[PDB]
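S.K.: Here it is, the structure in full.
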Amino acid sequence: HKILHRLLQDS
Amino acid sequence: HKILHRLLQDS
Amino acid sequence: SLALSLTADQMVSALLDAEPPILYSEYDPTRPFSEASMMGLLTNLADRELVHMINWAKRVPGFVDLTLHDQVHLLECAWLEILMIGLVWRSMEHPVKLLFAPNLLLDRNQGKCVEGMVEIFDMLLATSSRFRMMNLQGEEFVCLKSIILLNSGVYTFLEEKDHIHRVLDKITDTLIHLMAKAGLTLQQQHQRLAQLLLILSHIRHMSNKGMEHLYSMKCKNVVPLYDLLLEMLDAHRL
Amino acid sequence: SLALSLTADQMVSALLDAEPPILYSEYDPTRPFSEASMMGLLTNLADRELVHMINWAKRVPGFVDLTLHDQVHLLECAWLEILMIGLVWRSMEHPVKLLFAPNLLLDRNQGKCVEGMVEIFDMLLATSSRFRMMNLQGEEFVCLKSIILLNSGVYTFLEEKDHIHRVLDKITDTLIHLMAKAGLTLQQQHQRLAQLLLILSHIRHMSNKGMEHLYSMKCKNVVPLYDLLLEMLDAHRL
Ligand SMILES: N#CCc1cc(O)cc2cc(-c3ccc(O)cc3)oc12
Ligand SMILES: N#CCc1cc(O)cc2cc(-c3ccc(O)cc3)oc12
């Protein structure tokens, strides 16, 4: 579930 | 499928 | 008749008078509800309710102008959705409880009695609270339900689609009307009209999930064979 | 930031500027297509599209205002729905065809290539025609999509729900605004506003079905190892 999480944070 | 059909036609 | 010539008030009255009765569950369970026990109850309830829905559907303005084949279809797609909006509406004033029947009020925990049933209970409850949070009027409630009946199977069926749309428009003027008389401002009306319709989206989603859930209970022969209710479930594999 | 502060035109512009590009299917496999062949294509497409959606989601007014856990959830429920409204919108001017990618325009028949795929296709196509039948303007299209993102997972997650509702209201005033400027009457506006939202109901339904269908293709092994797209699919079992 990290892929979606990581991508949502790239900020 | 007749049950639903029959019932939709009654009085 | 033609559902396109009745003033808004005639529409709301037509819908209220058409309202089905509220039924009771089996007056003899109560015992530490087992998965079988509880499923036989909800399906037995749903089964007897279907008969009242079928006869309710006919009383909905313009539904009859439809071809038989189209009345059959519409009810095959929305039968669970419609059952659910009713339950949700009846649960309105029992926060945390789902009033399946006057003699069968269930709280979240009892939902755990059936594998995968709690998830759906939570959704149903969230919508119940949403309706109370919105202080949904019954007048609006009858509109919403009539809309579901017409808008669920319409795009799966051209003059037939045309009618459904002409009608759905009357139910929307009539819905707006109900809001106008409650003193809302235009902004609050279209704002509220959007809120109510957006909920029909979760009601679809909950139905899809329940439909898939009911089907899962059949593969465990944990569900009786209420023919009418079986046919309805079957319309979703065809 | 706050999206509840910016004006209608600022909202529409914000949504247009946030729009994602129209990606391309892989070139070469031209035609025809084996069930495997066609599935590897749609999933590869969906997989690369997800990355653009995730970054689109952040550009939607008030979204980045939610907590991470909530942004994750919202996108886990609407990812397919959002992919579908896009496809439907791109297929608009392609009656009988579904423009998955410029270089991948499919007609009903090719849907028969993937099992249980054709049924969905008919639904997608019916909605495409529905949008054209309605002359959906892009301005409206961007609103509808933003609404789906916020309204799909909001009752599955209280100040978080509150925000989502305050925002969804702005998107509804803004949606009404777009209709007002097009010369439509009040009746036609709330009439149209209802029509557009009622479609979000089939888009949910088609998503549920596709979600169940995608999952069925994974059990056959026709679905490539597309991690991002897999996680998304997995959010619907967990
Ligand atoms: N909760 C939930 C989902 C759900 C799952 C299932 O496998 C069977 C039923 C039957 C009813 C039901 C019966 C009568 C009503 O009035 C309303 C719902 O809801 C059901
Ligand atoms: N049609 C249909 C249902 C459907 C079923 C399935 O098993 C996989 C995919 C992938 C997409 C898809 C990919 C990219 C898009 O832009 C839109 C849809 O649609 C799908």
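Residues are named by chain letter and number: chains run A, B, ... in the order of the structure tokens, numbers start at 1 in each chain, and ligands are numbered from 1 in the order shown.
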Counting only C-alpha atoms, what is within 9 Å of residue 160 in chain C, bar same-chain residues fewer than 4 positions away, as a list in words?

M.R.: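 Those residues are residues 66, 67, 70, 154, 164 and 165 of chain C.
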
S.K.: Apply DSSP to the backbone of this structure and, from range 41-115 of chain C, keep only the residues in helix (DSSP H, G or I); write these as a PDB file with C-alpha atoms, in the first residue's frame.

M.R.:
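Below is the file that was written, out_21.pdb:
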ATOM      1  CA  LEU C  41     -34.479 -13.693   8.834  1.00  0.00           C
ATOM      2  CA  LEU C  42     -33.269 -10.902   6.505  1.00  0.00           C
ATOM      3  CA  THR C  43     -34.002 -12.934   3.384  1.00  0.00           C
ATOM      4  CA  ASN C  44     -37.443 -13.998   4.648  1.00  0.00           C
ATOM      5  CA  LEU C  45     -38.067 -10.291   5.301  1.00  0.00           C
ATOM      6  CA  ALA C  46     -36.676  -9.214   1.939  1.00  0.00           C
ATOM      7  CA  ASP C  47     -38.734 -11.917   0.213  1.00  0.00           C
ATOM      8  CA  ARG C  48     -42.068 -10.759   1.595  1.00  0.00           C
ATOM      9  CA  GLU C  49     -41.061  -7.144   1.031  1.00  0.00           C
ATOM     10  CA  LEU C  50     -40.387  -7.731  -2.646  1.00  0.00           C
ATOM     11  CA  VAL C  51     -44.052  -8.548  -3.193  1.00  0.00           C
ATOM     12  CA  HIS C  52     -44.993  -5.160  -1.716  1.00  0.00           C
ATOM     13  CA  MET C  53     -42.354  -3.382  -3.795  1.00  0.00           C
ATOM     14  CA  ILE C  54     -43.581  -4.917  -7.017  1.00  0.00           C
ATOM     15  CA  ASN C  55     -47.024  -3.516  -6.234  1.00  0.00           C
ATOM     16  CA  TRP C  56     -45.538  -0.242  -5.119  1.00  0.00           C
ATOM     17  CA  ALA C  57     -43.645   0.134  -8.410  1.00  0.00           C
ATOM     18  CA  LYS C  58     -46.932   0.100 -10.323  1.00  0.00           C
ATOM     19  CA  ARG C  59     -48.286   2.971  -8.206  1.00  0.00           C
ATOM     20  CA  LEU C  68     -43.488  -5.010 -19.205  1.00  0.00           C
ATOM     21  CA  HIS C  69     -39.964  -5.997 -20.223  1.00  0.00           C
ATOM     22  CA  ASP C  70     -38.817  -2.589 -19.011  1.00  0.00           C
ATOM     23  CA  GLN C  71     -40.673  -2.703 -15.708  1.00  0.00           C
ATOM     24  CA  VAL C  72     -39.141  -6.116 -15.106  1.00  0.00           C
ATOM     25  CA  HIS C  73     -35.645  -4.824 -15.781  1.00  0.00           C
ATOM     26  CA  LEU C  74     -35.901  -1.657 -13.679  1.00  0.00           C
ATOM     27  CA  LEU C  75     -36.985  -3.638 -10.614  1.00  0.00           C
ATOM     28  CA  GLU C  76     -34.259  -6.230 -11.213  1.00  0.00           C
ATOM     29  CA  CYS C  77     -31.548  -3.608 -10.872  1.00  0.00           C
ATOM     30  CA  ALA C  78     -32.926  -1.517  -8.024  1.00  0.00           C
ATOM     31  CA  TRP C  79     -34.690  -4.122  -5.849  1.00  0.00           C
ATOM     32  CA  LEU C  80     -31.941  -4.225  -3.224  1.00  0.00           C
ATOM     33  CA  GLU C  81     -31.160  -0.487  -3.546  1.00  0.00           C
ATOM     34  CA  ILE C  82     -34.798   0.287  -2.886  1.00  0.00           C
ATOM     35  CA  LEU C  83     -34.926  -2.162   0.053  1.00  0.00           C
ATOM     36  CA  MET C  84     -31.895  -0.438   1.497  1.00  0.00           C
ATOM     37  CA  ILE C  85     -33.102   3.152   1.180  1.00  0.00           C
ATOM     38  CA  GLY C  86     -36.179   2.050   3.110  1.00  0.00           C
ATOM     39  CA  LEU C  87     -34.169   0.394   5.869  1.00  0.00           C
ATOM     40  CA  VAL C  88     -31.946   3.488   6.033  1.00  0.00           C
ATOM     41  CA  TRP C  89     -35.013   5.696   6.242  1.00  0.00           C
ATOM     42  CA  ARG C  90     -36.555   3.535   8.981  1.00  0.00           C
ATOM     43  CA  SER C  91     -33.323   3.525  10.925  1.00  0.00           C
ATOM     44  CA  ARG C 108     -23.386  -2.779  14.581  1.00  0.00           C
ATOM     45  CA  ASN C 109     -22.172  -5.695  16.787  1.00  0.00           C
ATOM     46  CA  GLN C 110     -24.857  -8.138  15.611  1.00  0.00           C
ATOM     47  CA  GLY C 111     -23.643  -7.427  12.113  1.00  0.00           C
TER      48      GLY C 111
END

S.K.: Hey, what's within 10 Å of residue 2 in chain B if we count only C-alpha atoms and toss same-chain stuff fewer than 3 positions away? As a list in words, please?

M.R.: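 Neighbouring residues, sequence-local ones excluded: residues 5, 6, 7 and 8 of chain B; 228 and 231 of chain C.
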
S.K.: With only C-alpha atoms as the counted atoms, please give the residues lying no more than 12 Å from residue 195 in chain C, apart from itself and same-chain residues fewer than 3 positions off, as number ranges by chain.

M.R.: C: 127, 130-131, 133-134, 136, 144, 188-192, 198-202; D: 147, 151, 164-173, 193-194, 197-198

S.K.: If you keep N, CA and C atoms, can you produce a file of those selected residues as a short mmCIF file (atom, residue, chain, number, x, y, z; two decimals), in the first residue's frame?

M.R.:
data_model
loop_
_atom_site.label_atom_id
_atom_site.label_comp_id
_atom_site.auth_asym_id
_atom_site.auth_seq_id
_atom_site.Cartn_x
_atom_site.Cartn_y
_atom_site.Cartn_z
N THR C 127 -25.12 6.11 6.31
CA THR C 127 -26.14 6.76 5.49
C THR C 127 -27.35 7.14 6.36
N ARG C 130 -26.47 10.07 7.98
CA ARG C 130 -26.39 11.11 6.98
C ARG C 130 -27.78 11.70 6.75
N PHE C 131 -28.79 10.85 6.70
CA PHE C 131 -30.15 11.32 6.50
C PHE C 131 -30.61 12.11 7.71
N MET C 133 -28.65 13.60 9.85
CA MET C 133 -27.76 14.76 9.83
C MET C 133 -28.40 15.82 8.91
N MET C 134 -29.12 15.35 7.90
CA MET C 134 -29.79 16.20 6.91
C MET C 134 -31.26 16.43 7.19
N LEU C 136 -33.81 14.64 6.66
CA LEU C 136 -34.53 14.26 5.45
C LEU C 136 -36.03 14.17 5.70
N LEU C 144 -36.76 10.44 -3.70
CA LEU C 144 -35.51 9.71 -3.84
C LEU C 144 -35.71 8.24 -4.23
N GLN C 188 -29.35 26.92 -1.47
CA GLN C 188 -29.54 25.82 -0.51
C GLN C 188 -30.34 24.67 -1.13
N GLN C 189 -31.20 25.01 -2.08
CA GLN C 189 -32.05 24.03 -2.77
C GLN C 189 -31.25 23.15 -3.71
N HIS C 190 -30.51 23.78 -4.62
CA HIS C 190 -29.70 23.03 -5.56
C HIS C 190 -28.53 22.43 -4.79
N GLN C 191 -28.20 23.05 -3.67
CA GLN C 191 -27.11 22.55 -2.84
C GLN C 191 -27.60 21.26 -2.18
N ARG C 192 -28.83 21.28 -1.67
CA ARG C 192 -29.43 20.13 -1.01
C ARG C 192 -29.77 19.04 -2.03
N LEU C 198 -26.21 12.65 -4.43
CA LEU C 198 -24.88 12.08 -4.26
C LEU C 198 -24.92 10.86 -3.35
N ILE C 199 -25.96 10.79 -2.52
CA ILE C 199 -26.15 9.66 -1.60
C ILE C 199 -26.66 8.44 -2.37
N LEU C 200 -27.38 8.68 -3.45
CA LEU C 200 -27.90 7.59 -4.25
C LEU C 200 -26.71 6.85 -4.84
N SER C 201 -25.54 7.48 -4.78
CA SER C 201 -24.35 6.86 -5.31
C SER C 201 -23.82 5.82 -4.32
N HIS C 202 -23.94 6.09 -3.03
CA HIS C 202 -23.48 5.13 -2.05
C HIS C 202 -24.50 4.02 -1.95
N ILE D 147 -16.11 15.82 -8.02
CA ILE D 147 -17.16 15.40 -7.11
C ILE D 147 -17.00 13.93 -6.81
N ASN D 151 -16.88 12.44 -3.12
CA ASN D 151 -18.09 11.76 -2.67
C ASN D 151 -18.08 10.25 -2.67
N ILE D 164 -15.16 17.80 3.29
CA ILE D 164 -15.58 17.21 2.04
C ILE D 164 -16.95 17.69 1.63
N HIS D 165 -17.81 17.94 2.60
CA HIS D 165 -19.15 18.41 2.29
C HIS D 165 -19.19 19.90 1.99
N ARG D 166 -18.36 20.66 2.69
CA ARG D 166 -18.31 22.09 2.46
C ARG D 166 -17.81 22.30 1.04
N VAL D 167 -16.81 21.50 0.65
CA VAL D 167 -16.23 21.59 -0.69
C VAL D 167 -17.24 21.14 -1.75
N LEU D 168 -17.80 19.95 -1.57
CA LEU D 168 -18.77 19.44 -2.51
C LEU D 168 -19.89 20.46 -2.76
N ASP D 169 -20.13 21.33 -1.79
CA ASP D 169 -21.16 22.35 -1.95
C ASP D 169 -20.65 23.42 -2.92
N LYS D 170 -19.37 23.78 -2.81
CA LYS D 170 -18.79 24.78 -3.70
C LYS D 170 -18.78 24.27 -5.12
N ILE D 171 -18.51 22.98 -5.28
CA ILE D 171 -18.49 22.41 -6.61
C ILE D 171 -19.90 22.36 -7.19
N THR D 172 -20.91 22.41 -6.32
CA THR D 172 -22.29 22.40 -6.77
C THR D 172 -22.77 23.82 -7.11
N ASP D 173 -22.28 24.84 -6.40
CA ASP D 173 -22.68 26.21 -6.73
C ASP D 173 -22.01 26.49 -8.08
N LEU D 193 -28.67 19.59 -13.31
CA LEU D 193 -27.81 19.24 -12.18
C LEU D 193 -28.19 17.86 -11.65
N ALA D 194 -29.48 17.55 -11.71
CA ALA D 194 -29.93 16.25 -11.24
C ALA D 194 -29.52 15.18 -12.25
N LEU D 197 -25.72 14.26 -11.93
CA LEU D 197 -25.43 13.51 -10.70
C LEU D 197 -25.98 12.08 -10.75
N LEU D 198 -27.16 11.92 -11.35
CA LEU D 198 -27.76 10.60 -11.45
C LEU D 198 -26.88 9.66 -12.26
#

S.K.: Over all Cα atoms in order, fit chain A to chain B and jot down the RMSD to one decimal place.

M.R.: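 Computed value for the CA RMSD is 0.7 Å.
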
S.K.: Expressed in Å to a single decimal, how great is the separation between CA of residue 235 in chain D and CA of residue 124 in chain D?

M.R.: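 Between CA of residue 235 in chain D and CA of residue 124 in chain D the gap works out to 22.8 Å.
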